[PDB]
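For reference, the structure discussed in these notes is given below.
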Amino acid sequence: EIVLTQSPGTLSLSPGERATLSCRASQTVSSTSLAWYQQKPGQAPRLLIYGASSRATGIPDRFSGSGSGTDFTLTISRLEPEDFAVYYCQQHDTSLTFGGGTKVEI
Amino acid sequence: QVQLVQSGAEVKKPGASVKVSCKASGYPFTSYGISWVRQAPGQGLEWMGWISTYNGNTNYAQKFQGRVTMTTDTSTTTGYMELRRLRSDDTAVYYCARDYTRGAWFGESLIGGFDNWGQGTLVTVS
Amino acid sequence: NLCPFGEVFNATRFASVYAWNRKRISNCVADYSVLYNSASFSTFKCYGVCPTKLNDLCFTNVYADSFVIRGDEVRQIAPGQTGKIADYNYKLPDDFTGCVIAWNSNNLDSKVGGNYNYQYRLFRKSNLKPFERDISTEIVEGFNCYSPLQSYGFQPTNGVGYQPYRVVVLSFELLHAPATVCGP
Ligand SMILES: *[C@@H]1O[C@H](CO)[C@@H](O)[C@H](O)[C@H]1NC(C)=O
Numbered sequence: 001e002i003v004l005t006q007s008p009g010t011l012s013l014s015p016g017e018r019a020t021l022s023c024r025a026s027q028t029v030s031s032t033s034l035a036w037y038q039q040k041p042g043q044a045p046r047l048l049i050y051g052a053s054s055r056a057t058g059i060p061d062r063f064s065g066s067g068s069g070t071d072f073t074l075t076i077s078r079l080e081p082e083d084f085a086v087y088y089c090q091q092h093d094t095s096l097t098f099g100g101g102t103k104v105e106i
Numbered sequence: 001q002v003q004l005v006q007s008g009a010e011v012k013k014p015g016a017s018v019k020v021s022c023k024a025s026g027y028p029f030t031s032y033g034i035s036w037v038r039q040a041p042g043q044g045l046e047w048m049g050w051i052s053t054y055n056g057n058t059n060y061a062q063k064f065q066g067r068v069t070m071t072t073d074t075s076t077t078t079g080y081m082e083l084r085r086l087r088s089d090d091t092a093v094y095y096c097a098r099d100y101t102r103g104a105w106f107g108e109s110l111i112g113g114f115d116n117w118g119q120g121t122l123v124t125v126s
Numbered sequence: 334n335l336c337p338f339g340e341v342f343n344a345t346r347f348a349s350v351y352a353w354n355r356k357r358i359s360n361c362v363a364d365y366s367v368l369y370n371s372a373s374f375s376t377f378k379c380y381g382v383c384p385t386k387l388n389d390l391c392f393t394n395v396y397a398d399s400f401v402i403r404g405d406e407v408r409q410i411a412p413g414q415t416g417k418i419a420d421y422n423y424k425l426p427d428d429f430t431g432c433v434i435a436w437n438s439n440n441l442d443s444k445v446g447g448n449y450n451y452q453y454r455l456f457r458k459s460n461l462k463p464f465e466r467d468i469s470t471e472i483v484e485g486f487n488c489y490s491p492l493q494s495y496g497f498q499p500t501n502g503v504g505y506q507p508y509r510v511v512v513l514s515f516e517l518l519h520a521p522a523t524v525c526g527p
């Protein structure tokens, strides 16, 4: 299985500011097998980006991402009051695993 | 639209088993697989396994091998997961989701992720 | 029960041309409008059948073949055509009744320096028959001795004719039997 590590652990950012979240794999992961999720407190996880460049239906166009090799990134062009949540990177190139997750807070 | 509905919270003794249902509608049941992921308090998302609604084939995480059984009922378009030999470390919220990471018919790897997650079922072991 | 077209088109990995993959679709409802009206395809030409009438037709079997080739090789996936792909990798017959669908995969099937995982057959004693597959590895290399398979130069910076394309061929079979696949 492939280990996914996200960084930084916790982000401290104001509303209106831009945020970038990184995920690094211990092994090469194809873009076709890399996805990102968002989880709000008290709610189930939601799929934001699948395939590392394509967003799920219902997801705002301020959410995007890209990557290759072992380095993938999720970018939020502007943080809204509703964008403060825990984000996860996930791969299913080998079995299926999730990263530790990264928290973005005000 | 698509919605997955699970059962309410359950309390079980150590060594007991728990069966969690997931009723799914708003889409062709046999066209998409069902995935199960659990989240213990303060923890991240841990994958348990995957089942196809077309041919009944399963794929489990090694960590849960021998303890988890999955089945489906097409006539009621409802999935089920049973976790056996409950331990104090199995206290978590168990979620179902609509899968598109593995093919339902051939089992090929697809470009997609887990969506239409249920509300989650809390299981306490004590 | 709907036919697993998405399972074929939205796959993460395609087979190389010399060793093309095949899957059989049967006992399901085939909605072809999801392919016909898709903007993701660069090629969608049907032979012997109109692409807008497919939903009104029933077949006993639908066969889906898939492989990766270069842009300038896409024209050889057709009846009456010849060339290194048409003759030594994937041959279609003169009276084909099916549809050939292809799209650019430069952002999936290439990497910096070139993706040489996919290879194509270069040498063969004779030409292939329709729907024949040959994955033999018979030639030690040396003077007048060559490896049968040649790697592709799929670099992300190549011109369009040298970029990788994902090709899916849907063959329509009608037997002296009740149909198993019909449209809506
Ligand atoms: C492939 O997936 C996309 C969504 O990423 C979907 O819109 C498209 O219809 C799918 N293709 C087929 C043939 O189902």
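Heads up: the sequence lines are chains B, A and R, in that order.
Just so we're aligned: 22 in PDB author numbering is position 22 of the first sequence, and the numbers increase by one with no gaps anywhere.
Just so we're aligned: 122 in PDB author numbering is position 122 of the second sequence, and the numbers increase by one with no gaps anywhere.
All the letters of the third sequence, read from the start, carry residue numbers 334 to 472, 483 to 527 under PDB author numbering.
Just so you know, even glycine gets a beta-carbon here, dropped at the ideal spot from N, CA and C.
If you draw a straight line from the alpha carbon of residue i to that of residue j, how long is it in whole angstroms?
i       : j       : result
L441(R) : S54(B)  : 13 Å
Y508(R) : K424(R) : 17 Å
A19(B)  : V407(R) : 43 Å
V86(B)  : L96(B)  : 19 Å
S459(R) : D420(R) : 8 Å
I472(R) : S438(R) : 31 Å
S35(A)  : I358(R) : 25 Å
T77(A)  : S21(A)  : 11 Å
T523(R) : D115(A) : 31 Å
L34(B)  : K12(A)  : 36 Å
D428(R) : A520(R) : 20 Å
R84(A)  : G16(B)  : 47 Å
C432(R) : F377(R) : 7 Å
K356(R) : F98(B)  : 31 Å
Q27(B)  : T430(R) : 44 Å
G33(A)  : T53(A)  : 5 Å
Along the chain, where does the alpha helix (DSSP H) containing residue i start, and where does it finish?
i       : result
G339(R) : 339-342
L83(A)  : Premise fails: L83(A) lies in the beta strand (DSSP E), 78-83, not in any alpha helix (DSSP H).
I434(R) : Looking at the DSSP string, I434(R) is not in any alpha helix (DSSP H); the run it does join, the beta strand (DSSP E), is 431-437.
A92(A)  : Where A92(A) is concerned, there is no enclosing alpha helix (DSSP H), although the beta strand (DSSP E) it sits in stretches over 92-99.
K417(R) : 417-421
What first and last residue would you give for the beta strand (DSSP E) that runs through residue i?
i       : result
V125(A) : 121-125
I106(B) : Note, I106(B): premise wrong, no beta strand (DSSP E); not H, not E.
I358(R) : 354-358
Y88(B)  : 86-91
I51(A)  : 46-51
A9(A)   : Unbroken run through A9(A): none, as it is neither H nor E.
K378(R) : 376-380
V68(A)  : 68-73
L11(B)  : 10-12
Go ahead and pull the three-state DSSP assignment for residue i.
i              : result
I59(B)         : coil
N460(R)        : coil
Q62(A)         : helix
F29(A)         : helix
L390(R)        : coil
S371(R)        : coil
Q43(B)         : coil
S88(A)         : helix
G504(R)        : helix
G42(A)         : coil
residue 127(A) : This structure cannot settle anything about residue 127(A), because the visible part of chain A is limited to 1 through 126.
Going by the DSSP bridge assignment, what does residue i pair with across the sheet?
i       : result
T75(B)  : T20(B), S64(B)
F497(R) : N448(R)
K19(A)  : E82(A)
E516(R) : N394(R)
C525(R) : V362(R), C391(R)
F486(R) : Its beta-bridge partners do not exist; DSSP assigns none.
Regarding residue i and ligand 2, is the C-beta to nearest heavy atom distance less than 7 Å?
i       : result
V512(R) : With respect to ligand 2, the structure shown offers nothing to examine, as its ligands consist of ligand 1.
Legend entry - chain B contacts from the region 1-32 of chain A (Cβ-Cβ distance under 8 Å): Hits within the stretch: zero.
Inset, instruction - Could you please tell me which residues of the region 78-109 of chain A, in chain order, have their CB closer than 9 Å to any CB of chain R? - result: The residues in question are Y100, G103, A104, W105, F106, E108, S109.
Inset, instruction - Give the residues from the region 50-64 of chain A that approach chain R closer than 9 Å (Cβ to any Cβ), ordered along the chain. - result: Those residues of the region 50-64 of chain A that come within reach of chain R (Cβ to Cβ, closer than 9 Å) are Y54.
Inset, instruction - May I ask you to list, following chain order, the residues of the region 25-38 of chain B that have a beta carbon less than 8 Å from some beta carbon of chain R? - result: Within the region 25-38 of chain B, the qualifying residues are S30, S31, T32, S33.
Legend entry - the region 79-104 of chain B: positions lying closer than 9 Å to chain A by Cβ: Those residues of the region 79-104 of chain B that come within reach of chain A (Cβ to Cβ, closer than 9 Å) are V86, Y88, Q90, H92, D93, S95, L96, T97, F98, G99, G100, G101.
Legend entry - Near-chain A residues of the region 356-388 of chain R (beta-carbon distance less than 8 Å), N- to C-terminal order: So the close ones are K356.
Inset, instruction - Quick one: which residues of the region 428-448 of chain R get their C-beta closer than 7 Å to a C-beta of chain B? List them in chain order. - result: Against chain B - using a Cβ distance shorter than 7 Å - the residues of the region 428-448 of chain R are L441.
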